[PDB]
């Protein structure tokens, strides 16, 4: 295991994914501990107002996030060359934090390895507390066999389309291209765009220690 408390510290797991503390929105201590198959939040002090941004987005990812590219990633990859982009996750939840458990999937018109990507897809697997996605609710959508409430809006530097689960999903295996297709269908990407990263972790607003990504996988079939 590797513990990271530096706000912008990262490490690699399984020779392929990057674990990032990513404590961009808080000044109180936060640490993650990378394990063989994922990571756990081992400290997450402080509270951010629930009507604003979260404290951070501790997470694990395949792909390129602001110059940081996981070892041997196939991303960024052009979407029309992808037959499938399967991803799986096992989340560990705890009862005394205000947070969401979410994937952040980034798409762009260029093979972006750095800088803000054009469109962000968010998949909320769990939500505890009076928090809500960026933008406003636009109705439901069936993606991957499950029903989601969809939100769309612009978070500042870019567009964000969120798919929110009705109740907690602690583990799932799915094709990231299903959500990409739903995004293309809403006019926020095109088929010849690039998938630049697939990330999963938590956005905590209050506490967060104990939350974990027990396992994660993300590949691309071309």
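Residue numbers count along the first chain shown, from 1.
Taking the PDB entry as given, 111 to 119 carries the higher mean Cα B factor of the two stretches 128 to 136 and 111 to 119. In this entry, the higher average B-factor at the C-alpha atoms falls on 157 to 165, of the pair 52 to 60 and 157 to 165. Ranking 102, 147, 90, 81 by Cα temperature factor from the entry places 81 first. The maximum CA B-factor among the listed residues 143, 77, 98, 85, taken from the PDB record, is found at 77.
Remark: residue 37 belongs to the highest third of its chain, ranked by C-alpha B-factor as recorded. Among all modelled residues in its chain, residue 69 ranks in the highest third by Cα B-factor. Residue 29: CA B factor in the lowest third of modelled residues in this chain (values from the PDB entry). When all modelled residues of the chain are sorted by CA temperature factor, residue 200 is found within the lowest third.
When the modelled residues of the chain are ordered by their C-alpha B factor, residue 178 lands in the lowest third.
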